[PDB]
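Q: What follows is structure.pdb; its format and atoms are PDB, N, CA and C atoms.
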```
ATOM      1  N   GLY O   1       0.823  -1.197   0.000  1.00  0.00           N
ATOM      2  CA  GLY O   1       0.000   0.000   0.000  1.00  0.00           C
ATOM      3  C   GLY O   1       0.867   1.261   0.000  1.00  0.00           C
ATOM      4  N   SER O   2       1.036   1.823   1.188  1.00  0.00           N
ATOM      5  CA  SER O   2       1.837   3.027   1.338  1.00  0.00           C
ATOM      6  C   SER O   2       2.940   2.796   2.373  1.00  0.00           C
ATOM      7  N   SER O   3       4.057   2.270   1.892  1.00  0.00           N
ATOM      8  CA  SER O   3       5.189   1.997   2.761  1.00  0.00           C
ATOM      9  C   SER O   3       4.708   1.344   4.057  1.00  0.00           C
ATOM     10  N   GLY O   4       4.560   0.028   4.001  1.00  0.00           N
ATOM     11  CA  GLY O   4       4.110  -0.725   5.159  1.00  0.00           C
ATOM     12  C   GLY O   4       4.758  -2.110   5.198  1.00  0.00           C
ATOM     13  N   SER O   5       6.064  -2.111   5.424  1.00  0.00           N
ATOM     14  CA  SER O   5       6.811  -3.355   5.488  1.00  0.00           C
ATOM     15  C   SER O   5       7.455  -3.508   6.867  1.00  0.00           C
ATOM     16  N   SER O   6       6.879  -4.401   7.658  1.00  0.00           N
ATOM     17  CA  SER O   6       7.384  -4.652   8.998  1.00  0.00           C
ATOM     18  C   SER O   6       8.267  -5.901   8.999  1.00  0.00           C
ATOM     19  N   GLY O   7       9.513  -5.708   9.404  1.00  0.00           N
ATOM     20  CA  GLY O   7      10.463  -6.805   9.457  1.00  0.00           C
ATOM     21  C   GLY O   7      11.875  -6.295   9.749  1.00  0.00           C
ATOM     22  N   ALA O   8      12.853  -7.086   9.333  1.00  0.00           N
ATOM     23  CA  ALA O   8      14.246  -6.728   9.542  1.00  0.00           C
ATOM     24  C   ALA O   8      14.909  -6.460   8.189  1.00  0.00           C
ATOM     25  N   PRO O   9      16.084  -5.777   8.250  1.00  0.00           N
ATOM     26  CA  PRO O   9      16.824  -5.453   7.042  1.00  0.00           C
ATOM     27  C   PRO O   9      17.531  -6.690   6.484  1.00  0.00           C
ATOM     28  N   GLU O  10      16.729  -7.691   6.151  1.00  0.00           N
ATOM     29  CA  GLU O  10      17.262  -8.928   5.608  1.00  0.00           C
ATOM     30  C   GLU O  10      16.641  -9.218   4.239  1.00  0.00           C
ATOM     31  N   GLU O  11      17.229 -10.186   3.551  1.00  0.00           N
ATOM     32  CA  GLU O  11      16.746 -10.569   2.236  1.00  0.00           C
ATOM     33  C   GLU O  11      16.974 -12.064   2.001  1.00  0.00           C
ATOM     34  N   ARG O  12      15.884 -12.756   1.705  1.00  0.00           N
ATOM     35  CA  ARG O  12      15.951 -14.187   1.456  1.00  0.00           C
ATOM     36  C   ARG O  12      15.431 -14.507   0.053  1.00  0.00           C
ATOM     37  N   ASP O  13      16.363 -14.844  -0.825  1.00  0.00           N
ATOM     38  CA  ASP O  13      16.014 -15.174  -2.196  1.00  0.00           C
ATOM     39  C   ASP O  13      16.144 -16.685  -2.401  1.00  0.00           C
ATOM     40  N   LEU O  14      15.126 -17.253  -3.031  1.00  0.00           N
ATOM     41  CA  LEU O  14      15.114 -18.682  -3.294  1.00  0.00           C
ATOM     42  C   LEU O  14      15.755 -18.950  -4.658  1.00  0.00           C
ATOM     43  N   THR O  15      15.918 -20.230  -4.958  1.00  0.00           N
ATOM     44  CA  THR O  15      16.515 -20.633  -6.220  1.00  0.00           C
ATOM     45  C   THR O  15      15.427 -21.044  -7.216  1.00  0.00           C
ATOM     46  N   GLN O  16      15.786 -20.984  -8.491  1.00  0.00           N
ATOM     47  CA  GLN O  16      14.855 -21.345  -9.546  1.00  0.00           C
ATOM     48  C   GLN O  16      14.103 -22.626  -9.177  1.00  0.00           C
ATOM     49  N   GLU O  17      14.867 -23.696  -9.011  1.00  0.00           N
ATOM     50  CA  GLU O  17      14.287 -24.981  -8.658  1.00  0.00           C
ATOM     51  C   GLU O  17      13.229 -24.804  -7.567  1.00  0.00           C
ATOM     52  N   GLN O  18      13.690 -24.360  -6.407  1.00  0.00           N
ATOM     53  CA  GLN O  18      12.798 -24.146  -5.280  1.00  0.00           C
ATOM     54  C   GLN O  18      11.566 -23.353  -5.721  1.00  0.00           C
ATOM     55  N   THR O  19      11.822 -22.152  -6.221  1.00  0.00           N
ATOM     56  CA  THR O  19      10.748 -21.289  -6.681  1.00  0.00           C
ATOM     57  C   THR O  19       9.681 -22.107  -7.413  1.00  0.00           C
ATOM     58  N   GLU O  20      10.118 -22.775  -8.470  1.00  0.00           N
ATOM     59  CA  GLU O  20       9.216 -23.595  -9.262  1.00  0.00           C
ATOM     60  C   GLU O  20       8.367 -24.483  -8.349  1.00  0.00           C
ATOM     61  N   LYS O  21       9.056 -25.255  -7.522  1.00  0.00           N
ATOM     62  CA  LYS O  21       8.381 -26.151  -6.599  1.00  0.00           C
ATOM     63  C   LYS O  21       7.222 -25.409  -5.931  1.00  0.00           C
ATOM     64  N   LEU O  22       7.528 -24.216  -5.442  1.00  0.00           N
ATOM     65  CA  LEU O  22       6.526 -23.399  -4.779  1.00  0.00           C
ATOM     66  C   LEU O  22       5.295 -23.280  -5.680  1.00  0.00           C
ATOM     67  N   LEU O  23       5.519 -22.740  -6.868  1.00  0.00           N
ATOM     68  CA  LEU O  23       4.441 -22.565  -7.827  1.00  0.00           C
ATOM     69  C   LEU O  23       3.538 -23.799  -7.802  1.00  0.00           C
ATOM     70  N   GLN O  24       4.164 -24.956  -7.961  1.00  0.00           N
ATOM     71  CA  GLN O  24       3.431 -26.211  -7.958  1.00  0.00           C
ATOM     72  C   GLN O  24       2.565 -26.317  -6.701  1.00  0.00           C
ATOM     73  N   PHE O  25       3.239 -26.444  -5.567  1.00  0.00           N
ATOM     74  CA  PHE O  25       2.546 -26.555  -4.295  1.00  0.00           C
ATOM     75  C   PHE O  25       1.418 -25.527  -4.192  1.00  0.00           C
ATOM     76  N   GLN O  26       1.795 -24.265  -4.337  1.00  0.00           N
ATOM     77  CA  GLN O  26       0.830 -23.181  -4.264  1.00  0.00           C
ATOM     78  C   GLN O  26      -0.441 -23.550  -5.032  1.00  0.00           C
ATOM     79  N   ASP O  27      -0.259 -23.829  -6.315  1.00  0.00           N
ATOM     80  CA  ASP O  27      -1.378 -24.195  -7.166  1.00  0.00           C
ATOM     81  C   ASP O  27      -2.104 -25.397  -6.558  1.00  0.00           C
ATOM     82  N   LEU O  28      -1.339 -26.452  -6.321  1.00  0.00           N
ATOM     83  CA  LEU O  28      -1.894 -27.665  -5.745  1.00  0.00           C
ATOM     84  C   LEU O  28      -2.707 -27.307  -4.499  1.00  0.00           C
ATOM     85  N   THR O  29      -1.992 -26.883  -3.468  1.00  0.00           N
ATOM     86  CA  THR O  29      -2.630 -26.508  -2.218  1.00  0.00           C
ATOM     87  C   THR O  29      -3.726 -25.470  -2.469  1.00  0.00           C
ATOM     88  N   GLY O  30      -3.289 -24.262  -2.798  1.00  0.00           N
ATOM     89  CA  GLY O  30      -4.218 -23.178  -3.066  1.00  0.00           C
ATOM     90  C   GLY O  30      -4.071 -22.062  -2.029  1.00  0.00           C
ATOM     91  N   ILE O  31      -2.979 -22.132  -1.282  1.00  0.00           N
ATOM     92  CA  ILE O  31      -2.710 -21.138  -0.257  1.00  0.00           C
ATOM     93  C   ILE O  31      -2.364 -19.805  -0.923  1.00  0.00           C
ATOM     94  N   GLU O  32      -2.709 -18.728  -0.233  1.00  0.00           N
ATOM     95  CA  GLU O  32      -2.442 -17.394  -0.743  1.00  0.00           C
ATOM     96  C   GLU O  32      -1.090 -16.891  -0.233  1.00  0.00           C
ATOM     97  N   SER O  33      -0.969 -16.851   1.085  1.00  0.00           N
ATOM     98  CA  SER O  33       0.260 -16.393   1.710  1.00  0.00           C
ATOM     99  C   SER O  33       1.427 -17.288   1.286  1.00  0.00           C
ATOM    100  N   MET O  34       2.192 -16.794   0.324  1.00  0.00           N
ATOM    101  CA  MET O  34       3.337 -17.535  -0.178  1.00  0.00           C
ATOM    102  C   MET O  34       4.145 -18.140   0.972  1.00  0.00           C
ATOM    103  N   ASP O  35       4.430 -17.302   1.957  1.00  0.00           N
ATOM    104  CA  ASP O  35       5.193 -17.740   3.114  1.00  0.00           C
ATOM    105  C   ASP O  35       4.606 -19.050   3.639  1.00  0.00           C
ATOM    106  N   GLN O  36       3.306 -19.022   3.891  1.00  0.00           N
ATOM    107  CA  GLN O  36       2.615 -20.196   4.395  1.00  0.00           C
ATOM    108  C   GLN O  36       2.994 -21.429   3.572  1.00  0.00           C
ATOM    109  N   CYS O  37       3.025 -21.239   2.261  1.00  0.00           N
ATOM    110  CA  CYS O  37       3.369 -22.323   1.356  1.00  0.00           C
ATOM    111  C   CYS O  37       4.786 -22.793   1.687  1.00  0.00           C
ATOM    112  N   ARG O  38       5.753 -21.971   1.306  1.00  0.00           N
ATOM    113  CA  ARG O  38       7.148 -22.289   1.554  1.00  0.00           C
ATOM    114  C   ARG O  38       7.313 -22.902   2.947  1.00  0.00           C
ATOM    115  N   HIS O  39       6.496 -22.418   3.872  1.00  0.00           N
ATOM    116  CA  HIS O  39       6.541 -22.907   5.239  1.00  0.00           C
ATOM    117  C   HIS O  39       6.395 -24.430   5.244  1.00  0.00           C
ATOM    118  N   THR O  40       5.192 -24.879   4.919  1.00  0.00           N
ATOM    119  CA  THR O  40       4.909 -26.303   4.883  1.00  0.00           C
ATOM    120  C   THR O  40       6.017 -27.048   4.137  1.00  0.00           C
ATOM    121  N   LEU O  41       6.567 -26.378   3.134  1.00  0.00           N
ATOM    122  CA  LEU O  41       7.632 -26.962   2.337  1.00  0.00           C
ATOM    123  C   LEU O  41       8.906 -27.045   3.180  1.00  0.00           C
ATOM    124  N   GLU O  42       9.454 -25.877   3.481  1.00  0.00           N
ATOM    125  CA  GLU O  42      10.669 -25.803   4.276  1.00  0.00           C
ATOM    126  C   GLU O  42      10.648 -26.865   5.376  1.00  0.00           C
ATOM    127  N   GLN O  43       9.546 -26.889   6.112  1.00  0.00           N
ATOM    128  CA  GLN O  43       9.389 -27.847   7.193  1.00  0.00           C
ATOM    129  C   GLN O  43       9.708 -29.260   6.702  1.00  0.00           C
ATOM    130  N   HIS O  44       8.889 -29.727   5.771  1.00  0.00           N
ATOM    131  CA  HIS O  44       9.071 -31.056   5.212  1.00  0.00           C
ATOM    132  C   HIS O  44      10.394 -31.112   4.444  1.00  0.00           C
ATOM    133  N   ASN O  45      10.966 -29.937   4.228  1.00  0.00           N
ATOM    134  CA  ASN O  45      12.227 -29.839   3.512  1.00  0.00           C
ATOM    135  C   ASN O  45      11.950 -29.775   2.009  1.00  0.00           C
ATOM    136  N   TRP O  46      11.177 -28.771   1.624  1.00  0.00           N
ATOM    137  CA  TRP O  46      10.830 -28.585   0.225  1.00  0.00           C
ATOM    138  C   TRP O  46      10.465 -29.953  -0.356  1.00  0.00           C
ATOM    139  N   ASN O  47       9.458 -30.568   0.247  1.00  0.00           N
ATOM    140  CA  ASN O  47       9.003 -31.874  -0.199  1.00  0.00           C
ATOM    141  C   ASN O  47       7.506 -31.810  -0.505  1.00  0.00           C
ATOM    142  N   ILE O  48       7.192 -31.210  -1.643  1.00  0.00           N
ATOM    143  CA  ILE O  48       5.807 -31.077  -2.062  1.00  0.00           C
ATOM    144  C   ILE O  48       5.055 -32.371  -1.743  1.00  0.00           C
ATOM    145  N   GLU O  49       5.662 -33.482  -2.133  1.00  0.00           N
ATOM    146  CA  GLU O  49       5.063 -34.784  -1.896  1.00  0.00           C
ATOM    147  C   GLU O  49       4.567 -34.885  -0.451  1.00  0.00           C
ATOM    148  N   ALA O  50       5.406 -34.420   0.462  1.00  0.00           N
ATOM    149  CA  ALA O  50       5.067 -34.452   1.875  1.00  0.00           C
ATOM    150  C   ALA O  50       4.259 -33.201   2.229  1.00  0.00           C
ATOM    151  N   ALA O  51       4.859 -32.052   1.955  1.00  0.00           N
ATOM    152  CA  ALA O  51       4.210 -30.783   2.239  1.00  0.00           C
ATOM    153  C   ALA O  51       2.737 -30.867   1.831  1.00  0.00           C
ATOM    154  N   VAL O  52       2.512 -31.457   0.666  1.00  0.00           N
ATOM    155  CA  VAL O  52       1.160 -31.606   0.152  1.00  0.00           C
ATOM    156  C   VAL O  52       0.315 -32.375   1.170  1.00  0.00           C
ATOM    157  N   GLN O  53       0.848 -33.510   1.597  1.00  0.00           N
ATOM    158  CA  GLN O  53       0.155 -34.345   2.565  1.00  0.00           C
ATOM    159  C   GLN O  53      -0.036 -33.585   3.879  1.00  0.00           C
ATOM    160  N   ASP O  54       1.070 -33.067   4.394  1.00  0.00           N
ATOM    161  CA  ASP O  54       1.037 -32.320   5.640  1.00  0.00           C
ATOM    162  C   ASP O  54       0.073 -31.141   5.496  1.00  0.00           C
ATOM    163  N   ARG O  55      -0.111 -30.716   4.255  1.00  0.00           N
ATOM    164  CA  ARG O  55      -1.001 -29.603   3.970  1.00  0.00           C
ATOM    165  C   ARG O  55      -2.460 -30.062   4.023  1.00  0.00           C
ATOM    166  N   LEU O  56      -2.727 -31.160   3.332  1.00  0.00           N
ATOM    167  CA  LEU O  56      -4.070 -31.711   3.292  1.00  0.00           C
ATOM    168  C   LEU O  56      -4.405 -32.326   4.653  1.00  0.00           C
ATOM    169  N   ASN O  57      -3.532 -33.220   5.094  1.00  0.00           N
ATOM    170  CA  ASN O  57      -3.723 -33.885   6.371  1.00  0.00           C
ATOM    171  C   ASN O  57      -4.245 -32.875   7.394  1.00  0.00           C
ATOM    172  N   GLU O  58      -3.523 -31.771   7.511  1.00  0.00           N
ATOM    173  CA  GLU O  58      -3.902 -30.724   8.444  1.00  0.00           C
ATOM    174  C   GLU O  58      -5.051 -29.891   7.872  1.00  0.00           C
ATOM    175  N   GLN O  59      -6.264 -30.343   8.154  1.00  0.00           N
ATOM    176  CA  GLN O  59      -7.450 -29.653   7.674  1.00  0.00           C
ATOM    177  C   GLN O  59      -7.477 -29.645   6.145  1.00  0.00           C
ATOM    178  N   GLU O  60      -8.431 -30.383   5.597  1.00  0.00           N
ATOM    179  CA  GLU O  60      -8.577 -30.468   4.154  1.00  0.00           C
ATOM    180  C   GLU O  60      -9.954 -29.955   3.728  1.00  0.00           C
ATOM    181  N   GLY O  61     -10.010 -29.453   2.503  1.00  0.00           N
ATOM    182  CA  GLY O  61     -11.254 -28.928   1.966  1.00  0.00           C
ATOM    183  C   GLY O  61     -12.310 -30.030   1.852  1.00  0.00           C
ATOM    184  N   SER O  62     -12.014 -31.004   1.004  1.00  0.00           N
ATOM    185  CA  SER O  62     -12.925 -32.117   0.795  1.00  0.00           C
ATOM    186  C   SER O  62     -12.154 -33.335   0.285  1.00  0.00           C
ATOM    187  N   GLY O  63     -12.248 -34.416   1.045  1.00  0.00           N
ATOM    188  CA  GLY O  63     -11.567 -35.648   0.683  1.00  0.00           C
ATOM    189  C   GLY O  63     -10.362 -35.895   1.593  1.00  0.00           C
ATOM    190  N   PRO O  64     -10.597 -36.720   2.648  1.00  0.00           N
ATOM    191  CA  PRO O  64      -9.544 -37.044   3.594  1.00  0.00           C
ATOM    192  C   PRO O  64      -8.553 -38.041   2.992  1.00  0.00           C
ATOM    193  N   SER O  65      -9.093 -38.964   2.209  1.00  0.00           N
ATOM    194  CA  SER O  65      -8.272 -39.977   1.569  1.00  0.00           C
ATOM    195  C   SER O  65      -8.737 -40.195   0.128  1.00  0.00           C
ATOM    196  N   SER O  66      -7.810 -40.659  -0.697  1.00  0.00           N
ATOM    197  CA  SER O  66      -8.112 -40.914  -2.094  1.00  0.00           C
ATOM    198  C   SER O  66      -7.600 -42.299  -2.497  1.00  0.00           C
ATOM    199  N   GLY O  67      -8.038 -42.740  -3.666  1.00  0.00           N
ATOM    200  CA  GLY O  67      -7.634 -44.039  -4.175  1.00  0.00           C
ATOM    201  C   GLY O  67      -8.813 -45.015  -4.189  1.00  0.00           C
TER     202      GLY O  67
END
```
Could I get this structure in the form of structure tokens?
A:
Amino acid sequence: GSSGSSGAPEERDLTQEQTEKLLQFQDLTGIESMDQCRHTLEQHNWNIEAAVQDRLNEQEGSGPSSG
């Protein structure tokens, strides 16, 4: 909006690979807050496969299990 950035004088840039992964997860999951996304990822260790599960597992829209 109008100069409203609360944080520290730091900068964290991701890598192409990682970035891409995010895009995927983001789309898959559907989270808005990018951070939130990378979060679930970082945790699982940028493991969409897991992050995805940990994402769904923890409160899902519709469909607890598939197959």
Q: For a test of reading the model, state the distance in Å between atom CA of residue O:45 and atom C of residue O:8, rounded to one decimal.
A: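 Pair atom CA of residue O:45 / atom C of residue O:8 returns 24.0 Å.
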Q: Report, in Å with one decimal, the straight-line distance from atom CA of residue O:59 to atom CA of residue O:43.
A: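 Distance reported for this atom pair: 16.9 Å.
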Q: Mind checking which residues fall within 9 Å of residue O:22, counting only C-alpha atoms, ignoring those fewer than 6 positions away in the same chain, and posting them as number ranges by chain?
A: O: 34, 37-38, 41, 46, 48
Q: Kindly export the residues of the current selection with N, CA and C atoms, as a CSV table (one decimal), in the coordinates of the input.
A:
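File produced: out16.csv:
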```csv
chain,number,residue,atom,x,y,z
O,34,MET,N,2.2,-16.8,0.3
O,34,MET,CA,3.3,-17.5,-0.2
O,34,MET,C,4.1,-18.1,1.0
O,37,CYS,N,3.0,-21.2,2.3
O,37,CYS,CA,3.4,-22.3,1.4
O,37,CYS,C,4.8,-22.8,1.7
O,38,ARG,N,5.8,-22.0,1.3
O,38,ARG,CA,7.1,-22.3,1.6
O,38,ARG,C,7.3,-22.9,2.9
O,41,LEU,N,6.6,-26.4,3.1
O,41,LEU,CA,7.6,-27.0,2.3
O,41,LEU,C,8.9,-27.0,3.2
O,46,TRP,N,11.2,-28.8,1.6
O,46,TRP,CA,10.8,-28.6,0.2
O,46,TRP,C,10.5,-30.0,-0.4
O,48,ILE,N,7.2,-31.2,-1.6
O,48,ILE,CA,5.8,-31.1,-2.1
O,48,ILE,C,5.1,-32.4,-1.7
```
Q: Which value, in Å to one decimal, gives the distance between atom CA of residue O:60 and atom N of residue O:18?
A: 25.4 Å
Q: Can you check which residues of chain O DSSP gives as helix (DSSP H, G or I) on the backbone and send them as a PyMOL selection string?
A: chain O and resi 16-29+34-44+48-57
Q: Which residue is closest to residue O:51? Choose from O:3, O:9, O:63, O:25 and count all atoms listed in the file.
A: O:25
Q: Restricting the calculation to only C-alpha atoms, which member of O:5, O:11, O:24, O:16 is positioned closest to residue O:52?
A: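 Closest residue, counting only C-alpha atoms: O:24.
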